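Given next, in structure tokens, is a single chain: the form deposited without the named molecule.
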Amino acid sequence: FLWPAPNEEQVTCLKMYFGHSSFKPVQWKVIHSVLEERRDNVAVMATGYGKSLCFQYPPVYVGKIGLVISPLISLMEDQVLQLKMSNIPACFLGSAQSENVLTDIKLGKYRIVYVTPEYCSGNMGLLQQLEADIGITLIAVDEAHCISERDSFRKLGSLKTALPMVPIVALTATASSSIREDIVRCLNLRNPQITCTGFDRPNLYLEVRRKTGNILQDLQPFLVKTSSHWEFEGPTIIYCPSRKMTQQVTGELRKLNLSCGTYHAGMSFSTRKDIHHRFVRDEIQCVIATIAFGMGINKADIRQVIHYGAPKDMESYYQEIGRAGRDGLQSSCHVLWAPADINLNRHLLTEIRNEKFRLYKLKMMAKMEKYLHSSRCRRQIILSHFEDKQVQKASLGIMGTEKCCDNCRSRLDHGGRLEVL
């Protein structure tokens, strides 16, 4: 019912190591449950809120081990670097690691340890020694970037068996009751605290447009012209359905001599740290990406997001656009789509085998098409999917305004009802 305010020493720790002056509410609710109440958590946090602080902060505060489990190996490398820049010792642990590195974890060097779901199953005795010798503040089972996953996730029911005293934070991307029930049974969570941040990003304007037949003609509205050169109005990410289309979009932007970078799924640590530096320093105006996570696209002042093609589904779409406007200033997210787009092609779906995943692909395909075809508020459609209920239109202060979405804006441009309270 009531959450106590963080004490002085807790706020000071958050300032020294994470560079924040105060907690956001759901962050504190999750942190306080884990740190002070030792309670299992299922935390529904939309992207951009600060998921990663909820499991990084407690172990740093008490100087103990925090165990983070995630299937995305490159993302965990990116976080370990970010933590090292913040003076926080962290490592990514696997069988490929030296026996020497395992020594430092036993001795307690690393506040935050990253492992894959597979590694965690085969080294349970190692964890209990870490519990006995050093002490574990929490176990973070992310699975909020889960795509096409398995046995790996059902082998984690042993954590509460081997480590009954260690709280578990389960981060998730939807408020779905079905997902929450599955997570609770899989992890054997005990009366878990449930939180939800909500999913709105009021500073993102949502537009959908049809393609015109040529890449340059589609991108022309998004370019401004200095008397010498063409440029985007601001830092821009362009999401493509494939690396072939990324190279096509890249080729057209060279014709205008635009600072561009590509961001794909097999890039090395150096390549990802190079894109990050160039993107944040504005040395490249635009990133054309085939993935929706990692260092390279982690920038605070991305002004424009363009989907050059229909997105695969709402979950990917929400994550992709959530990289924009992280500074809280105005941003725009445009989809450029055609009915023949790859992520809207049903006929390709026949060739792949698995049934009821083709049906899931079918349902996501049809849901995505309904969104792109909608004449109603696009913000309402997205929030209703992630809240798993019917979000009432114009309850939030942004919906129904010229800043909300192209359908609201055009309706207000044609004698719409600017709603007074």
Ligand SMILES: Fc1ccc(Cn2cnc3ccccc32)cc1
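Note that residue numbering follows the sequence shown and begins at 1.
Keep in mind that the form solved in complex with the named molecule is not shown, yet the notes after this line are about it.
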| Open or blocked, the named molecule overlaid from its pose in the entry with it bound onto this form, 2.4 Å backbone/C-beta test | blocked
| remark: Only one of 115 to 123, 225 to 233, 249 to 257, 174 to 182 sits within 4.5 Å of the named molecule in the entry with it bound by heavy atom distance, namely 174 to 182
| said: If the criterion is a non-hydrogen atom within 4.5 angstroms, does every one of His32, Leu35 and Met165 touch the named molecule in the entry with it bound? | reply: no
| For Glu315, is any heavy atom within 4.5 Å of the named molecule in the entry with it bound, or not? | yes
| Does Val62 reach the named molecule in the entry with it bound if we count a contact as any heavy atom within 4.5 Å? | no
| 4.5 Å heavy atom contact, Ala394 and the named molecule in the entry with it bound | no
| said: Since only the chain is shown here, I'm wondering whether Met364 would be in contact with the named molecule in the entry with it bound (any heavy atom pair within 4.5 Å). | reply: yes
| said: Between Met245, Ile284, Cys196, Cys146, only one gets a heavy atom within 4.5 angstroms of the named molecule in the entry with it bound; which residue is that? | reply: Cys196
| message | For a quick check, can you give me the residues of 42 to 78 that have a heavy atom within 4.5 Å of the named molecule in the entry with it bound? | response | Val44
| query | By 3 Å or more, the Cα spacing of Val44 and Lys361 differs in the entry with it bound; is it closer or farther than in this view? | reply | closer
| field | Sense of CA distance change between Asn203 and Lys393 in the entry with it bound, threshold 3 Å | value | closer
